[PDB]
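Enquirer:
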Amino acid sequence: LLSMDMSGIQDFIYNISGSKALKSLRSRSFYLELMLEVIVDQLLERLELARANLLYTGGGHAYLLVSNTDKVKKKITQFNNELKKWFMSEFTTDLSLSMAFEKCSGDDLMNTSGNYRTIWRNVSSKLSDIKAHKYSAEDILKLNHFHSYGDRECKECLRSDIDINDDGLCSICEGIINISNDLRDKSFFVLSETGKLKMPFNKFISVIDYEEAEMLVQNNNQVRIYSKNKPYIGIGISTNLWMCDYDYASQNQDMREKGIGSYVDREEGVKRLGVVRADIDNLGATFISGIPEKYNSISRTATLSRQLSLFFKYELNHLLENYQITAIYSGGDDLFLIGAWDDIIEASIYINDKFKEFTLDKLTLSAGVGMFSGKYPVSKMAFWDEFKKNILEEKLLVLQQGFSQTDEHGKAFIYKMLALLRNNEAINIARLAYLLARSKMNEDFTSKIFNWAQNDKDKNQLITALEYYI
Amino acid sequence: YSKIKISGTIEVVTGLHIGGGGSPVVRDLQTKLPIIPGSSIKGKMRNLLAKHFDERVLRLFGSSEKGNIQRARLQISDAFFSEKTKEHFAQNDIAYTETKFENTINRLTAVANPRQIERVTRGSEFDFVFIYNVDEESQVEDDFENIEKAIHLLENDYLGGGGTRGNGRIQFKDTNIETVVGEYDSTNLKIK
Amino acid sequence: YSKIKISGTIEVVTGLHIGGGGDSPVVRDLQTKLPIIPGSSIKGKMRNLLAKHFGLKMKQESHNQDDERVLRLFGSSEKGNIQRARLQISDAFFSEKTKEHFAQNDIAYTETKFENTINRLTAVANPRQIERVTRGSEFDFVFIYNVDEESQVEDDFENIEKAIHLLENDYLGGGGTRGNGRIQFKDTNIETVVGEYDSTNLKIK
Amino acid sequence: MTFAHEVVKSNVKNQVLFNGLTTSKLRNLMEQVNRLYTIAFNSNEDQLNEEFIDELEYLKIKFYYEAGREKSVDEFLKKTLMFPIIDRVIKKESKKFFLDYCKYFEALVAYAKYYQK
Amino acid sequence: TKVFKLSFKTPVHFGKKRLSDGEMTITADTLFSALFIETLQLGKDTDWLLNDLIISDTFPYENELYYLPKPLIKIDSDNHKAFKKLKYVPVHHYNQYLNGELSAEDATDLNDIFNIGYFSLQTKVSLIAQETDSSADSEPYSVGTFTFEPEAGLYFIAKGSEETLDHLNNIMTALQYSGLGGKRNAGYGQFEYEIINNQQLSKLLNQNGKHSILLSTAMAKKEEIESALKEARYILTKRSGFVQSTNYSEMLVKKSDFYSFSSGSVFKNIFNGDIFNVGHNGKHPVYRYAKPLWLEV
Ligand SMILES: Nc1ncnc2c1ncn2[C@@H]1O[C@H](COP(=O)(O)OP(=O)(O)OP(=O)(O)O)[C@@H](O)[C@H]1O
Ligand SMILES: Nc1ncnc2c1ncn2[C@@H]1O[C@H](COP(=O)(O)OP(=O)(O)OP(=O)(O)O)[C@@H](O)[C@H]1O
């Protein structure tokens, strides 16, 4: 049982500060995903083995069930060595990969005495402690002695070791820009020896359409077409790669990808941006513990993993269709959406409910949403029932109806409301009583608002809702 | 070698609006008491002094970008409310920060769209410290004359935003000059 | 490089009602509980009147561009040929001598004269009470003028004199057409506070 | 403190308000309190002025005289206990508590205004 | 062997890659660099304070409690979640942790109580461009700063002969008025220091064990690294950046990239570091501090 872990995704994906940031992020998550996919496929080619042997992929992980042969082990070790060489050559700290495997027998897989979970934890532990020792002696000496003439940090990509070129961009990030430009229009990605973007095994990735992909097939070229969630392709080495690539900015009159301002410039509220991050809280046990004592088979673990992958890689794309939001990092257990402040919140709640349906209220979501001004480095942009029923549905609707029916009460009146509410003093409460007496709303609105302000939980909900209003 | 400390207090003759958030004003995200970033002080002094004349302004603040490199000789530090003002306002029950309302007139239309701005209360006192690093003996008198000129211009100008609109006028009081490292006499130096 | 300071006092000929707080109170310093004249109001009225004096066209009405002299004196920095403002207006505070007079004679700082509203076809009245600084009170103001250039000084001070002269026959505050907020200027002083430019030949009435 | 609200609800009898009290019967009343409101809001220190003490005495003068004119005014001024609170304000010499009384009376006025024929 | 207490009272920017990044502690490289530049500015000699002095990294403290970095020891459980979220272990519980006596709920409580500061971004502009004269965009930029509660700060570990310690104390007296971070001249990073002795920290620093906990950022010299990595749990950290007054062009001078072990690595074979040279095409040598400060348990 062989397991692979990608070292530095959360750092390398979040060194983005440029104006084209959104284009790169879609290109960067896809770049890491395609790295993992091509490396796993290349491994399976080394093993002369089938694609069915890949149990799970996603995030920076991968799980394989390969033959327990000395030949297999020597090939794994050799390919690990070449792999580590290559990553040291290209990024040297930002991205690294780890290999680990631990023996298992048929009796183990058939779920005899829960030893499936024991071996799962053992392989996890060996993977997680081999990361401690990543560099041999000679490698670490080799790194420290290069008085090599090089240029300075890539603007889009924070890296000293990298060397910039035209317009202060290095090769890697310029290729990232190009493939990002091609992402929205073209659906197929090819593994070719000339290509655009540098890739592990002396290979390059470029973009294709079904027709020239077809010609490549009849060109009997050693190609692997990687698709954008397209079934019924039947083109050469069909690879329906699972990925959620959604962007509302392409729904406008211009098909070309636009910058972060396309979402900032919304006039329905403050010109800001919304960001959401989500992780399944009960996932470690779910893959490890699973269904206890009766269904912890390798078959059912595979089924569970695939169903989670399909949810986090298809359903989100269809759910997002009604929101001004763009999908950035999706897959594994991580969900990253960026867009308008209101749309981000509404989509977060809606996707939370939909997920509770898909897992039948067995798995939950932990999420956090913040507000930041436009064109802030997206790198630093990134570093339930009560909120829906009480705040968004009841108090927010009451306040919206009241403010829509009575005019002249803008952000100044609500901000005086805020000054009285945040400073939790009885003098502010009496002042608020007078202010609601002076306000020209229906008496029901005033009474409800005052009585909400009189309760700490209800005053906090009220301030949250009215802050959402502005 | 020696170091010279310039310490004192500054008053807002009229309200001050640095407004990094903007319409808020800069605060500390926990104490919520407003401050004055040293970047504002440094930038306004540098602009005024340069526009008062390029070797001396290069010498005080240091550019170190034009193929020749000069280390900064005068370090500005941030400011905070004096304890005296906090005590005084707490005793007299005075809000720390005001909120003035404003408008603007559309020509051919004469319909006013409102405006809200947040302003530091008049009469507050901030505490400031300057550190000067004497690296050339024969230059301290000229440098302090220049810094006095900069203070003089700043007293007759504004800090922050909307200065032409009537805010940001400041004043300097209770300034002392104390040597803290080394053995340079700092009793013949003045800043008003 | 020099700077010219303009000082004086603004006497309320009749009730002034700035009243930026919105009953219907008046702006007050929170250090002394007193009504003030914000400098931006003064500067805006000077801007509007001086612009209306010179050319003010339809296409000029559209954009808040204005005559080159007015823009030069008050600064635009909006499109292309930007001009940093040469003239800085400051706020006005309720002076100390009027403190002494209203303390010695026990005079209120703000009247509350009631007004009404007789709508037609019903003739039903509707009452209201507003606050306005008492007559005769004085406020102290200060101006600072920058000389970015040498020769133009005379023309800029001529335009400043014109602006003051127009403003003395107009209103600050609100309800000006309804009687409130007339002022006059007096006791003006012109002195070069920083620099080496003489100012003995310069006068603003 | 809203006990004023409670008493006003207890004073809606089978309808009449304080048995013949109208808000315009209160004209001189709120005029006096508002006039004092201005003169006090001008002040700086919480230690009351002593012509302000005289003015509070004059306010109590207006209270008994209004009570003398009308029976409904007498009932209003007695039950809702203007009179001890004025006495203790006179005894205390505190400005903030004076404004507290001011918003008290204004609360009475507003609630009664919404509580009418 | 004394410790040096640091209280700040002003926001400090410490930096990893750009100015708008904020970081809580600083490594021995920048600490030794600051000491060396302060020494040179003061004009005293550097030989004494070059090859005798051992400096540990800066670590945070709270009201009365001190902190140390999390050892990278293999605790054999399986949560592996609450402990991964832990970054600093209070000194009172250090030996408890190294003996596997820390419970999950206690770890959660420690994580809850560990508030010792918060992060902020202040936006700044630069009108030095044509803006002053002609229509030109003001250029906004941001800096990442980090502030402490009034009863917090950072502390040191220093050791050496008494004469070197006296020199260090003199230099710190000088240094409390320069900065210790990023935009020193823009209003950030002034501190007051105080010398304290702690009985518990002393006992911890003079214990006796079989393992070793690295408290600084070091790299073994060429001939000893081979034996150094016999049984090691470590993580490497890339350290780069420009240099101050080495040639005409600051934007053409950039220190050579260097790699060193982090501040929590565990070793089995003690090695001695060195002040590696990271210069080339320069007029004066540029130094980087890589010398360990062990605690034996
Ligand atoms: N291509 C990607 N783009 C963006 N985020 C990704 C990508 N792949 C995975 N992630 C998310 O980023 C998270 C953080 O990755 P991180 O650098 O911590 O490595 P990891 O795979 O979690 O393993 P480890 O931290 O043990 O090395 C992952 O757990 C995953 O959810
Ligand atoms: N579809 C999937 N199939 C199999 N394994 C997955 C899948 N998605 C995520 N995982 C794995 O489950 C593990 C969960 O660990 P992680 O720390 O990322 O989340 P977590 O432990 O649930 O965090 P928290 O408990 O704080 O929410 C990851 O290491 C990841 O490899």
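Chains as they are written, first to last, in the deposited numbering: chain F, 254 to 636, 664 to 750; chain B, 2 to 23, 33 to 63, 76 to 214; chain A, 2 to 23, 32 to 214; chain K, 14 to 27, 37 to 139; chain H, 5 to 81, 85 to 304.
Note that the Cβ used here is the ideal one computed from N, Cα and C, for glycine as well.
Which one or two residues does DSSP pair with B:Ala134 in a beta bridge?
Expert: Note: B:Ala134 sits in a beta bridge opposite B:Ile127.
Enquirer: Which value, in whole angstroms, describes the spacing of the CA atoms of F:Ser515 and H:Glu146?
Expert: When rounded, the distance between both Cα atoms is 21 Å.
Enquirer: Considering only residues of the same chain and omitting the five flanking positions on each side of F:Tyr582, which have a CB-CB separation below 8 Å?
Expert: Closer than 8 Å at the Cβ level, and outside the excluded window around F:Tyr582, lie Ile266, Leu278, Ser282, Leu588 and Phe589.
Enquirer: Please list the terminal residues of the continuous alpha helix (DSSP H) segment that includes B:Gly48.
Expert: Start and end: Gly48 to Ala60.
Enquirer: Quick one: what does DSSP say K:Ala129 is sitting in, helix, strand or coil?
Expert: If DSSP states are grouped into helix, strand and coil, K:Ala129 belongs with the helices.
Enquirer: Can you tell me which of the three DSSP states F:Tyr479 falls into?
Expert: Of the three classes helix, strand and coil, the one that applies to F:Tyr479 here is strand, per DSSP.
Enquirer: Taking DSSP's pairing of strands, which residues face B:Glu147 in a bridge?
Expert: Note: B:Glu147 sits in a beta bridge opposite B:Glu12.
Enquirer: Enumerate in chain order the residues of its own chain whose CB-to-CB distance from A:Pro136 is below 7 Å, with the five nearest sequence positions on each side excluded.
Expert: Here the set comprises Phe123 and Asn125.
Enquirer: My output table needs one value for B:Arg93: the three-state DSSP class, helix, strand or coil.
Expert: Three-state result, B:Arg93: coil.
Enquirer: Residues with a Cβ closer than 6 Å to any heavy atom of ligand 2, in chain order?
Expert: The set, ordered by position in the chain, is F:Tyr309, F:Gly311, F:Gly312, F:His314, F:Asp532, F:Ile533, F:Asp534, F:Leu536, F:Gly537, F:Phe540, F:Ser558, F:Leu561, F:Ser562, F:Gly585, F:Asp586, F:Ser619 and H:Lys88.
Enquirer: Can you tell me which of the three DSSP states K:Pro106 falls into?
Expert: K:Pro106: helix per DSSP, three-state reduction.
Enquirer: Given that B:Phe123 touches chain A, what residues does it touch there, using C-beta distances under 9 Å?
Expert: Neighbours of B:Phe123 on chain A, chain order: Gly21, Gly22, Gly23 and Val36.
Enquirer: Taking DSSP as the reference, what is the three-state secondary structure of H:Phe249?
Expert: Coil.
Enquirer: Tell me whether H:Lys21 counts as near ligand 1, meaning its Cβ is closer than 8 Å to at least one heavy atom of that ligand.
Expert: No, ligand 1 has no heavy atom inside 8 Å of this Cβ.
Enquirer: So, does the CB of A:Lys42 fall closer than 9 Å to a CB anywhere in chain K?
Expert: Chain K contact via Cβ: present.
Enquirer: Please classify F:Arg702: is it buried, with 16 or more other beta-carbons within 10 angstroms of its beta-carbon, or exposed?
Expert: Counting Cβ neighbours within 10 Å, F:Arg702 comes out exposed, since fewer than 16 surround it.
Enquirer: Which of the residues in the segment 382-396 of chain F, read from start to end, lie with their CB under 7 Å from any CB of chain H?
Expert: The segment 382-396 of chain F vs chain H, Cβ under 7 Å: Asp382, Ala385, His386, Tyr388, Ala390, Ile393, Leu394 and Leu396.
Enquirer: Step through the CB atoms of chain A and report whether any lies within less than 9 Å of the CB of K:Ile61.
Expert: Yes, K:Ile61 lies at the interface with chain A (some Cβ there is under 9 Å from its Cβ).
Enquirer: So what's F:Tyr284 in DSSP terms, helix, strand or just coil?
Expert: Looking at F:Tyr284 - three-state DSSP - the assignment turns out to be helix.
Enquirer: On the three-pair Cβ rule with 8 Å, is the segment 612-625 of chain F touching the segment 523-533 of chain F?
Expert: Enough Cβ pairs lie closer than 8 Å, so yes.
Enquirer: With 9 Å set as the bound, which would you pick, yes or no: does the beta-carbon of residue 32 of chain B sit closer than that to a beta-carbon of chain A?
Expert: The model contains no atoms for residue 32 of chain B, which sits in the stretch where chain B goes from 23 to 33 directly.
Enquirer: Compute the Euclidean distance between the alpha carbons of F:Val443 and F:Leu573, then round it to the nearest angstrom.
Expert: Roughly 27 Å between the two C-alpha positions.
Enquirer: Is any heavy atom in ligand 1 found nearer than 8 Å to the beta carbon of F:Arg281?
Expert: Flag set: Cβ of F:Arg281 near ligand 1.
Enquirer: Would you tell me roughly how many angstroms separate the C-alpha atoms of F:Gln577 and F:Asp438, rounded to the nearest one?
Expert: Each residue's Cα considered, the two are about 19 Å apart.
Enquirer: Does the beta carbon of A:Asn168 sit closer than 9 Å to a beta carbon anywhere in chain H?
Expert: False, the Cβ-Cβ gap to chain H never drops below 9 Å.
Enquirer: Starting from the Cα of H:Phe153, find the closest Cα among B:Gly188, B:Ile11 and B:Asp38 and give me that residue.
Expert: Among B:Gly188, B:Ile11 and B:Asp38, the Cα nearest to that of H:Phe153 belongs to B:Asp38.
Enquirer: So, for K:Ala129: in the same chain, excluding its five sequence neighbours on each side, which residues have a beta-carbon less than 6 Å away from its beta-carbon?
Expert: Closer than 6 Å at Cβ, skipping near neighbours: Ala17.
Enquirer: Beta-carbon within less than 6 Å of F:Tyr479's beta-carbon, same chain only, minus the 5 sequence neighbours each way: which residues are those?
Expert: Excluding positions up to five away in sequence, the list reads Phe442, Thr492 and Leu494.
Enquirer: For the candidate residues B:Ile45, B:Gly84 and B:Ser49, whose alpha-carbon lies nearest to that of B:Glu147?
Expert: Of B:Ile45, B:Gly84 and B:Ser49, the residue nearest in Cα terms is B:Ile45.
Enquirer: Using a Cβ cut-off of 9 Å (strictly closer), state whether K:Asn27 contacts chain A.
Expert: Not an interface residue.
Enquirer: Looking at B:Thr201: is its Cβ nearer than 9 Å to the Cβ of B:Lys6?
Expert: Yes, they are a contact pair.
Enquirer: Helix, strand or coil for F:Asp361 per DSSP?
Expert: F:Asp361 falls in the helix class under three-state DSSP.
Enquirer: Would you say K:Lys139 reaches chain F, if we count a Cβ-Cβ gap shorter than 9 Å as a contact?
Expert: K:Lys139 does not count as touching chain F.
Enquirer: May I ask you to report which of helix, strand or coil DSSP gives A:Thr119?
Expert: A:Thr119: strand per DSSP, three-state reduction.
Enquirer: With 9 Å as the threshold, decide whether the Cβ of A:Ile91 is near any Cβ in chain H.
Expert: It does; some Cβ of chain H falls within 9 Å.
Enquirer: What do you reckon, is the C-beta of F:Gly261 under 8 Å from a heavy atom of ligand 1?
Expert: Yes - ligand 1 has a heavy atom lying nearer than 8 Å to the Cβ of F:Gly261.
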